Amino acid sequence: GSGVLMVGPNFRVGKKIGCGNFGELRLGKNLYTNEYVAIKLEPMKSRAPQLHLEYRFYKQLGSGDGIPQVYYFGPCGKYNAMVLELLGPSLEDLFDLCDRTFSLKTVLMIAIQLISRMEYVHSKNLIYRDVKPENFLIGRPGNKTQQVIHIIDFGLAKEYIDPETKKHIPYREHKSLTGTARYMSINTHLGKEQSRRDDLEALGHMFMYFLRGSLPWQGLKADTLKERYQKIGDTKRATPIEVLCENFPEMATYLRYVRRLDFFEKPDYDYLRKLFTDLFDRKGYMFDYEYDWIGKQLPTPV
Ligand SMILES: COc1cnc(-c2cnc3ccccc3c2)nc1-c1cc2c([nH]1)CCNC2=O
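Residues numbered from 1 in each chain as written, not as in the entry; some residues may be left out. Heavy atoms only, no water. Residues with missing side-chain atoms left out of burial classes, pairs and counts.

- X-ray crystallography is the method the PDB entry lists for this structure, together with a resolution of 2.4000 Å.

Here it is in structure tokens:
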């Protein structure tokens, strides 16, 4: 007939965008509003569905600062599709653009926002569990949120507060390893149930990754994912914070604070933000959103 894919009543499905995916993320256009959007697709034939409740997690999250807006979730051919706000490049894309190292001022502007970003998620009774540069996106050139660091892909999320009992989820071990090894907390490596602290420790590893240019467990390979996971975990446990965070005292303080958090414990986000804003102010930095990537030329799918 038409040969054109539509999602819902007004969303035209466009070209495949981004790297990886394999057709899972497409540019889209709201024909009614003449606006571009991002469309996440998941084959209805999927063995491990995530789209629909990722959608639910977004519902649960609600309209929020740094949270992409979701417009639609519906069937599209042999695909379930979720239409949401089109954003810009990820911190990983920007990192490469900046030769794989961010200035402390850029990392602190990022860190201050993400601690708040994570606290927001946590305030909605959700733990993220998928921290990595690729899941943090700036907005787009003009849609006035380009300097806001956004958080995306809540497929690995989990409700850490039982909705009925209103109790924190129970501690337990033997959780299989799946997330990304490079940033995951040490306890995640130990097979322990993840909680608030783990999102915060993962952010710490990522902050040091940005500052150093790389992490010391980064090149570890093995004959089985499990083994690789185990080696990376061994090295994380074998690298002293003072060594990992050499030259960044605040980062070491942030890291061992979160590493020592109790499983059920509510992090003191104010305390962590202050470690960084005090530093920020002492260095003489001005929070003006002028990241290292400002002035460089960014990739735009449109
Ligand atoms: C609000 O969601 C999103 C909004 N914009 C974009 C975007 C924007 N400009 C771009 C410019 C160049 C290249 C790629 C781009 C991707 N990507 C996403 C998004 C969500 C998800 C993913 N990408 C990947 C896996 N899982 C997700 O949940």
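### Describing the packing of helix α8 (residues 249–259) against helix α9 (residues 269–283)
So, step 1. Taken N-terminus to C-terminus, the directions of α8 and α9 make an angle of 180°; their axes are 10 Å apart at the nearest point. By the angle between their axes, α8 is roughly antiparallel relative to α9. Contact residues: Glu 250, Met 251, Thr 253, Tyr 254, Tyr 257 and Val 258 in α8; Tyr 271, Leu 272, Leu 275, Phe 276, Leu 279 and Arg 282 in α9. (Axes fitted to C-alpha atoms, helices over the stretch in contact; angles between N-to-C directions. Helix = DSSP H or I, 4+ residues; strand = E, 2+ residues; numbered from the N terminus. Parallel < 35°, antiparallel > 145°, perpendicular 65-115°, else oblique. Contact = heavy atoms within 4.5 Å.)

### Points about the packing of aromatic side chains
So, step 1. Summed over all chains, the structure comprises 23 aromatic pairs.
So, step 2. Judged by centre distance (5.2 Å) and plane angle (70°), the ring pair of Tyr 128 and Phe 154 falls under edge-to-face. One end of the pair, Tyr 128, is in the loop between β7 (126–127) and β8 (136–137); the other, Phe 154, is in the loop between β9 (150–151) and β10 (158–159), and 26 residues separate them in sequence.
So, step 3. Given the relative accessible area of 0%, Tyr 128 is considered buried.
So, step 4. Geometrically, the ring pair formed by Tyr 257 and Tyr 271 is tilted, given 5.3 Å between the ring centres and 55° between the ring planes. Separated by 14 residues along the polypeptide, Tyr 257 in helix α8 and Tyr 271 in helix α9 bring together distant segments of the chain.
So, step 5. Classification of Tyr 271 by relative accessible area gives partly exposed; the value is 34%.
So, step 6. Of the aromatic side chains, those joined through ring pairs into one cluster are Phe 95, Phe 102, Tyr 183, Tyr 209, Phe 210, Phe 280, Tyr 285, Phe 287, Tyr 289, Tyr 291 and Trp 293. (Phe/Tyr/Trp six-rings, centres within 6.5 Å; stacked < 30°, edge-to-face > 60°. Buried < 20%, exposed > 50% of the residue type's maximum accessible area, 1.4 Å probe, protein only.)

### Thoughts on the UniProt feature "active site" in the protein
So, step 1. Under the UniProt annotation, the feature "active site" is placed at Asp 130.
So, step 2. Tracing the backbone through its elements, the reader meets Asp 130 in the loop between β7 and β8.
So, step 3. Aside from chain neighbours lying at most four places away, what touches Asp 130 is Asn 135, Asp 153 and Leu 156. (UniProt positions renumbered as here; feature names shortened; annotations may be inferred.)

### Some points on the pairing of strand β6 (residues 79–85)
So, step 1. In terms of residue burial, β6 counts as a mostly covered element, since 5 of its 7 residues are buried.
So, step 2. Taken together, the 7 bridges between strand β4 (residues 35–43) and β6 define a ladder with antiparallel strand orientation. Following the sheet pairing, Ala 38 is matched in β6 by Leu 84.
So, step 3. Where strand β5 (residues 70–76) lies against β6, 6 bridges are found, and the strand directions are antiparallel. Looking at β6, one finds that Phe 73 is bridged to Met 82.
So, step 4. Hairpin connection, β5 to β6: the antiparallel pair is bridged by 2 residues, and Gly 77 has positive phi, about 60°. (Pairing = 2+ DSSP bridges.)

### Examining the site of the ligand
So, step 1. With respect to spatial proximity, 15 residues lie near the ligand, and among them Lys 40, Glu 85, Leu 87, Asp 153 and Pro 301 are the closest.
So, step 2. A distance of 2.8 Å separates an oxygen atom of the ligand from a polar atom in the side chain of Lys 40.
So, step 3. A distance of 3.2 Å separates an oxygen atom of the ligand from a polar side-chain atom of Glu 54.
So, step 4. Out of a free accessible area of 570 Å², the ligand has 87% covered by protein chains.
So, step 5. Going through the elements one at a time, β4 and β6 are the ones with two or more residues in the shell around the ligand.
So, step 6. Grouping the amino acids of the shell around the ligand by side-chain chemistry returns 9 nonpolar, 2 polar and 4 charged.
So, step 7. Each of domain 1 (1–87) and domain 2 (88–302) accounts for three or more of the residues forming the shell around the ligand. (Near = heavy atom within 4 Å. Polar contact = N/O pair within 3.5 Å; in protein donor to acceptor, adjacent residues only side chain to side chain. Areas by Shrake-Rupley, 256 points an atom, 1.4 Å probe, with all protein chains shown as cover. Nonpolar A, V, L, I, M, F, W, Y, C, P; charged D, E, K, R; others polar. Domains from an automatic or database assignment.)

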